[PDB]
Amino acid sequence: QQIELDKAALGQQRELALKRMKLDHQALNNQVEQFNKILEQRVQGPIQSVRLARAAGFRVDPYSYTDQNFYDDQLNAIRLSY
Amino acid sequence: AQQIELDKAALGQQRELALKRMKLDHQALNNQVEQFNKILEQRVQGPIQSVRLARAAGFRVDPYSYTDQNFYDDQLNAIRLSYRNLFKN
Amino acid sequence: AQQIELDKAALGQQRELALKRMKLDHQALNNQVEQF
Amino acid sequence: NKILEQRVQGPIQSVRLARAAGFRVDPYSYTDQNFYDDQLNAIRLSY
Amino acid sequence: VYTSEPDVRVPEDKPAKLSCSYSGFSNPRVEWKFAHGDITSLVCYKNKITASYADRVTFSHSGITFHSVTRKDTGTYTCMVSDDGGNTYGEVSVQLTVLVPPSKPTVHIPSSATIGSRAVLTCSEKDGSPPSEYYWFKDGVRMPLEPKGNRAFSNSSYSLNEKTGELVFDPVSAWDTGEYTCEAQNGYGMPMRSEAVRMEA
Amino acid sequence: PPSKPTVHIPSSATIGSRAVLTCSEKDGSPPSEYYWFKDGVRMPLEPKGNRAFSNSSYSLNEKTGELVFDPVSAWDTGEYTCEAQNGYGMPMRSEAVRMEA
Amino acid sequence: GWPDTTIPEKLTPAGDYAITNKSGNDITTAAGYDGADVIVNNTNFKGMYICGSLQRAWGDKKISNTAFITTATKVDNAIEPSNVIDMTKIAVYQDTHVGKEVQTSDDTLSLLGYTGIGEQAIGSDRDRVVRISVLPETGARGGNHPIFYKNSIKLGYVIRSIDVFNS
Ligand SMILES: [K+]
């Protein structure tokens, strides 16, 4: 009667490591949209920040709107898996 | 039979442990973005998060003052503004 | 035929489940270039 | 979250702390924005 | 969870606000649901209005508002709210009453009575929203809640269910003859006075 | 307001049994209601929902705090406590108490 | 003495104040106010005013309440911003205790505050300014430029203030 336990315990390695393999897909599928998002906000964030502050009536300071520094958050979200 | 009997539930007991260290790995992986998909928003509210701040403790800050039309809507209003006062007395 | 039947069916799972990772290992590779 | 929770409620408290005694305020350094990159080690990269 | 105004009272067709003030959450999710007696429905789900009501109802996770209402919308609402997955949780319930004033109520007069016997006077009304109480008259003047007192009435006797109308001459007297009426009102709008009828002793 | 309300709790019930928990108050003017906790987090009005309590089973008499557990599941263990409130003053809370399956 | 600032948007004034930080919360204190990603103002009388409203009438107890006024075009349960003020565009949201009958509520009102939290100035969006037909306006001249005179103003539910522009 070691068969019904092996028929199911094939079988627990199987659908567990499945999820493991699945979850490692969202480990990077989430990462890319955690990165490809950057190149929009690389231009889009500033466009919205200035579209925001213009509502009130502030100065705009047309040199510092472009961050370009803090948008090196790619630098940690860059893979080099190894 | 007893050798099997406790192993009949050992796997399902591992099935309890398994999903939960799969849960915690999921509990943080999404949460990695929860930290990240709003830290970026703070850069969108760069100015007001500094100006709604200093006005709160407790300063007299007056950013509203500007003079130069460097927006392309301000002068374009000035085009029309000077164009109307010209004809209309 | 337990020790001849349920030894090879697992090999398919032991085979496929690696090749899943071989894609995900392959996936980071060509995704890095797209990310590079 | 403590960071972003402080992040205004630091300088605010710090200024209101200092001003209770009556110092000059130094109205640029009330906000720091650099020391509050201690997020940088409190960030996951779980992997 | 927290609210500000549970006992809402409105006419028909007019607005509402249903505050659901919550606190302490990161990725909340909101759940409104209708309720009145046997009826139950969802107004919202996942911070999103249900299609049965979105065509007129708005949304805001401080609380919702109806662009317009009907008496059917009366009932009980419950802003069930949870953190993402029930790490934290709360609730609150709100109950409503649209204000339809009453109508000319139905009356119930045995126009003749035997003296020493028993007569029953009742009144009945449909648009009670809230339920329209009744207050009885005789000869134009208003009948007490209890005939006991310096009333000129304690010689006779009756018993009331003024919210319902159950007036009983327990017993009838020859003195009791007059012109009786029920006066309908739910404490809103005008009181709907009914048809006046005799009571021959 | 509500005074600090009375309660009654069996510290441990049998698995799959029935159990009842009440919370009572005297100075309620208007009558103080009752709403229960479990490990701090306030209890729903019904277990019927994505609440983590879909497995459990109970009802409430919130004006009375007459909380049920019929049946008593295994997981229904918790730190239960009532919170008395007539919607005036401050919601007053009873003692900290457990229950066990 | 009637003022000049329209609502931002269509809205159905039907309830009480409510503001929420983070688009995920509700907050009723100072540290939570300043301790805020942003401010949202999930309220139904947002860009409105705070006049006093003696709120008289013939035969009407249930003492006076507060009012809320702007210009706007009214459609049967709500309002929408119009800036071209006429005799129809006037707006109020005071509860004069009306049951099932015309009221004939005389009233008096004194400009006293604002509601639109989240905003940070007034008199900066010309599109929201109430003009009859024409808006006086200028630009720079010579090398001289125009100005405004700042003037703090009340806000209502929250203790803070906000900055007006004045010509
Ligand atoms: K009055």
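Regarding how it was determined, this PDB entry cites cryo-EM in its header, along with a resolution of 3.75 Å.

Right, let's get into the interface of chain A and chain B. If you look at the interface, chain A gives 32 residues, while chain B gives 28 residues. Interface of chain A and chain B: buried area, both sides summed, is about 2,800 Å²; carbon and sulfur atoms make up 68% of it. Considering only the surface of chain A that becomes buried against chain B, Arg54, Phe58 and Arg59 of chain A emerge as the three largest contributors, covering 23% of it. In this structure, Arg20 of chain A engages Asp25 of chain B in a salt bridge whose closest nitrogen and oxygen atoms are separated by 3.8 Å. Here chain A is connected to chain B by five residue pairs in polar contact. Put simply, the parts of the chain that give the side of chain A that touches chain B at least two residues each are α2 (13-33) and α3 (36-56) of chain A. For the side of chain A that touches chain B, the element with the most residues is α3 of chain A, which contributes 10 residues. Taken together, the residues that form the side of chain A that touches chain B break down as 13 nonpolar, 12 polar and seven charged.

Quick look at the sheet that holds strand β5 (residues 67-69) of chain F now. Residue and element names in this part refer to chain F. Overall, antiparallel pairing links the three strands, which are arranged β1-β2-β5 in an open sheet. Unpaired on one side and paired on the other, β1 (6-8) and β5 mark the two borders of the sheet. Averaged over all adjacent pairs, the angle separating strand axes in this sheet is 10°, with direction ignored. Both β1 and strand β2 (residues 19-24) contribute to a ladder of three bridges, which runs antiparallel. Among the inter-strand pairings, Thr6 is bridged to a residue of β2, identified as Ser24.

On to the interface of chain G and chain E, then. Listed as interface residues are 16 residues of chain G and, on the opposing side, 23 residues of chain E. For the pairing of chain G and chain E, the buried interface totals around 1,500 Å² over both sides, and the portion due to carbon and sulfur atoms is 49%. In terms of surface lost to chain E, no three residues of chain G exceed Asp26, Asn42 and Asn77 of chain G, which account for 32% of the buried area on that side. The tally of links between chain G and chain E comes to zero salt bridges. Taken together, the links from chain G to chain E amount to seven residue pairs in polar contact. Broken down by class, the residue content of the side of chain G that touches chain E amounts to three nonpolar, 10 polar and three charged.

Our focus in this paragraph is helix α2 (residues 11-21) of chain D. Burial in α2 of chain D covers these residues: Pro11, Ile12 and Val15 of chain D. End-on, the buried residues of α2 of chain D take up no more than an arc of 100°, which puts them together on one face. Of the exposed residues in α2 of chain D, the ones pointing more than 90 degrees away from its buried face are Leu17, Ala20 and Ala21 of chain D. Considering only its buried residues, α2 of chain D is in contact with α2 (48-54) of chain B, α1 (2-9) of chain D together with α1 (30-34) of chain G. Positioned one or two residues after α2 of chain D, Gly22 of chain D has a phi angle of 95°, which is positive.

With that settled, the discussion passes to the domain arrangement of chain E. When the parts of a complex come together, some accessible area is lost, and that lost area is often taken as the interface size. Residues and elements named next belong to chain E. Structurally, chain E comprises domain 1 (1-98) and domain 2 (99-201). Listed as interface residues are seven residues of domain 1 and, on the opposing side, seven residues of domain 2. Carbon and sulfur atoms supply 54% of the area buried between domain 1 and domain 2, which totals about 530 Å² over both sides. At the junction of domain 1 with domain 2, the criterion picks out one salt bridge. Here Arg71 makes a salt bridge to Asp127, at a shortest N to O gap of 3.1 Å. Our enumeration of links across domain 1 and domain 2 arrives at three residue pairs in polar contact.

All names here are of chain E. Disulfide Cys20/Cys79 (UniProt): S-S 2.0 Å, present in this structure. Here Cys79 lies in the loop between β7 (76-78) and β8 (80-82) and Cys20 lies in the loop between β2 (16-19) and β3 (29-31), a separation of 59 residues in the sequence. With a relative accessible area of 2%, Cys20 lands in the buried category. Classification of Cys79 as buried rests on a relative accessible area of 1%.

Position of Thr96 of chain G among the secondary structure elements: in the loop between β2 (79-80) and β3 (151-153). Owing to a relative accessible area of 13%, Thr96 of chain G belongs among the buried residues under this scheme.

A few words now on the packing of α2 of chain A against helix α2 (residues 9-34) of chain C. Contact pair α2 of chain A / α2 of chain C: the axes reach a minimum separation of 10 Å and the direction vectors enclose 10°. In terms of their interaxial angle, α2 of chain A and α2 of chain C are classed as roughly parallel. Within the contact between the two elements, α2 of chain A uses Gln13, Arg14, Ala17, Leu18, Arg20, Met21, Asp24, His25, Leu28 and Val32 of chain A and α2 of chain C uses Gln13, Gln14, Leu17, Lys20, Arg21, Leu24, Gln27 and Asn31 of chain C. Across the contact of α2 of chain A with α2 of chain C, the residue classes tally to seven nonpolar, six polar and five charged.

So, how was this worked out
- Residues numbered from 1 in each chain as written, not as in the entry; some residues may be left out.
- Chains lettered and ligands numbered in written order.
- Part of a larger assembly, values for the part shown.
- Heavy atoms only, no water.
- Contact = heavy atoms within 4.5 Å.
- Buried area = accessible area lost by both parts, 1.4 Å probe.
- Salt bridge = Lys/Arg side-chain N within 4 Å of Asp/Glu carboxyl O.
- Polar contact = N/O pair within 3.5 Å; in protein donor to acceptor, adjacent residues only side chain to side chain.
- Helix = DSSP H or I, 4+ residues; strand = E, 2+ residues; numbered from the N terminus.
- Nonpolar A, V, L, I, M, F, W, Y, C, P; charged D, E, K, R; others polar.
- Pairing = 2+ DSSP bridges.
- Axes fitted to C-alpha atoms, helices over the stretch in contact; angles between N-to-C directions.
- Buried < 20%, exposed > 50% of the residue type's maximum accessible area, 1.4 Å probe, protein only.
- Arc of directions from axis to C-beta.
- Domains from an automatic or database assignment.
- Disulfide = S-S within 2.5 Å.
- UniProt positions renumbered as here; feature names shortened; annotations may be inferred.
- Parallel < 35°, antiparallel > 145°, perpendicular 65-115°, else oblique.

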